[PDB]
Each structure stands twice: as structure tokens, then as C-alpha cells.
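Just one chain follows, in the form deposited in one PDB entry, and it is written as C-alpha cells.
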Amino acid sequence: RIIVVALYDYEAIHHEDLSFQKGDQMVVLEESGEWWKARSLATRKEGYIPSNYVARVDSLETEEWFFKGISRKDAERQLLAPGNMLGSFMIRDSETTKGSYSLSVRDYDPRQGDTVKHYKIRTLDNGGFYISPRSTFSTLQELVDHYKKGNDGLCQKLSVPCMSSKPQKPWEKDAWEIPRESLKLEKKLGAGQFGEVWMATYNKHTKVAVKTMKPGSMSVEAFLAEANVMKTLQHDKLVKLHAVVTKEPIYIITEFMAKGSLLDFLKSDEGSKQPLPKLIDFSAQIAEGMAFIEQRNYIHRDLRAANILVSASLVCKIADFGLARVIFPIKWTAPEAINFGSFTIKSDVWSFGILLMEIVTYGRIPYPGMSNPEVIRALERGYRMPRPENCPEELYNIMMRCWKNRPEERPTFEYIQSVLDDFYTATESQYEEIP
């Protein structure tokens, strides 16, 4: 008899899902992925619930100060986000010491500004926890309560648990292929050589984005084969692919990203006010996405600012990945790909380097004043874009390393992500050691 508890409020919008408040306890009848079958102890109704809205009773995830599956860098992004303050803290699973927990706290110093510091919580052998050997606790709550009443060697006294947001509600069960009737395409956002992008609505309840592919040479059968591969590339830094309409003209359904393209965003009022370490954080998120793609042995083929999407909370997401294998931007293209049509993860690295320049120049066109063929002649001479005023010297070396003539001499996304994530932090300073 498994009993779980709700971490957030949820309001049913489908036929057989259940509504509940945060705190409600439910009996698990069937575990089966994103949707579970349960019975609400408050209403006695049987139905479906999102598995990621609940957790077993009195387990760690029930606690407000606990955060599951958060990397050290995710913790720092989450803590430095609005609504938090000094002593804002979180306990989370260790990224480097698997099976163990780490503590992250919001801090300040005038030389650097607001920061996040990290402490490793060492699990005892008796079953206790400590950051400092001088001080040991029986429960993580005991740990928390203590450092909440005084610094006792930390950088800050613990104030309030980090801000959390409700996760995305999962897509309807077994609704991969959908009939056009489910969609109301309410506003066109973009139109191009190959189709349009629309802000839409799925069954009156969910906001989505729809990509309408004009019936090109694109084999229906061959597209959908690749779409089923794309469906398996689920990562927080790639746009969420929800569904598909199977008859020409083919429709593609993704999550809606409120702030549209990174290119348009950088060129807006709010974009123009982003400081440089924010621009660098964007870069790092994108590198994270590409490292995942690299990991899975995949190729993007069209990396640039216009194919990156921005969420309302400024999370960056890679879009249009691999879509070009199925179906201009030579200024983003590596020579081996231009001359010989050779497309690799290495040629993407070249593209990422150009995107970096796009980002740091707030969206400015690459090789300005130059035409495409002018640009081609220049490269084969050894020309490279110069360093703009605001770009730091070490950021520039990364771009330059991205623009090596020989593909093999280009670094990996794994390495790039790692550099960019800790651009302002020395390796020795990642964690804190307290006596």
C-alpha cells in the first residue's frame, strides 16, 4: 500500500485526471511513467495524476528546503533568481559524490556581489550528517535548524528555503500523433521559405507552438522516422517536442517559449540591459545542450541565435535540432561543410563560436559589411572576426579555438560547457572546506 503526498496544486484539464491541493494524500494504484493512477484520500476519486507532482509521504522531497536532481550550476542559477535573498539556501543531491548531499547558500561580498557558496554534507557511518566534524546532527532537519540560528562557520546564517516553481504539466497520455482538429492556430509568429510558426492551443486547455511545414520534397515517411528519434532527445536545454500531425501539410507541436528567439531577445529593451555574466550564462546553457547532443552522437546542422529559444524565466533552449538533414547561413558554417558538405559535431563547434559572437554583440550580424562570397575568400586567407569592446580576452580565445581550420583541433562541447559554467570561479573555489 503506497501512499504519496502532493507537492503542488493541480487542476484537472483532461477527461480522467484528478484535481488536488498541495498536501493532499493519495493511494497509488498504478505506476506507469509521467501519469500515475491513484485514489485521492480527500475525495475518494480514482484517476490520473502527474508523477512529478507527488512524492512518497515524509520522504526528503516533501521538505521545502530539499531539491532533487539539481546540479551545482542549477543550484546557483536557481538561488541567484529573483525572490531570494541572503541566507537563501537549499539541500540537494551531490553531483560529484553520488549518494550524498550538498548545501548551497546565497551570499554577498562587495568585490563580487551576490554569490552562491557550496558545502559538502558528509554522511556519517552511524547515520548522521556533518559539514564540520566539530558539529554532527541526526537528521538533515537538525542540520538545517542549527545553521539557521547562527553562521557557526558558514558564510551566512540560513534564512529562507530557495524559491521553487511548479514544474510543467506533462503532455496528455498516448497523444504523440494527433488530428488537426485538436489545434487552434491563433497567431503567426514567423514565416519562411519552408513554412510558418504559430502560437496555438491544444484542446482548449494547453498553450503550444506549432510549426507548419509546407509540403516540400520532404518525404512524409522519412520525416516521421527522424521525428521519433528527436522525441527521444529529452533534455532541459532542448525544446520539448510534444506531438505531430501526420498528414500533409505536416504540423510540429512544441512547448511555447514566451520570449521567442534569443536573437530577437538580445535586440530588445530587456536584452540590451543584460550584463556580460548573464550573456555568458546563456552561452553556458547552450553549451550544456550541445554537450548532450554530442553525447548522444547527434548533429544539429543549424546552430545560431535565431534557433535558440528563451523562456519567461530566461532559460535558453535549443530548437530545430537535426531538422536540416531532412529538408544561406554560411556565415555560421564551417569551411569543410561549405566546400565538401561535411557536417560533424566539430562543424557545430565552429557554429557555436560564431553564436558566441552573436551573443556578446547583442545580436549583431556576423561579418558586418561583408557579403557571403567576400567572407569565404577572407577565411581561406586566415581572416577571423576581431574582438569587440565588451568581450573579455578569455572568452575570445574560446571563439578562436572554435574557429580552427582543422576540425579535430576544435574542442568538445563537454570541455566548453565545463569552462563556461565556471568562467568566474577557480576550481579550488567550487566547494568550501570548513574545520
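Each form is matched to the other, and the largest set of C-alpha atoms that superpose within 1.5 Å is called the rigid core. When you see a residue number, it is the position in the sequence shown, counting from 1.
From this point on, the text means the form deposited in another entry, which you will not see here.
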| property | result |
| --- | --- |
| Identity of the moved residue from 64, 380, 393, 30, C-alpha shift 2 angstroms or more, core fit between the shown form and the other one | 30 |
| Rigid-core frame, C-alpha of residue 404, shift of 2 angstroms or more between the shown form and the other one | no |
| Per-residue C-alpha change between the shown form and the other one, residue 41, threshold 2 Å, rigid core fit | yes |
| Residue 43 and residue 205, C-alpha gap in that other deposited form relative to this structure (3 Å or more) | farther |
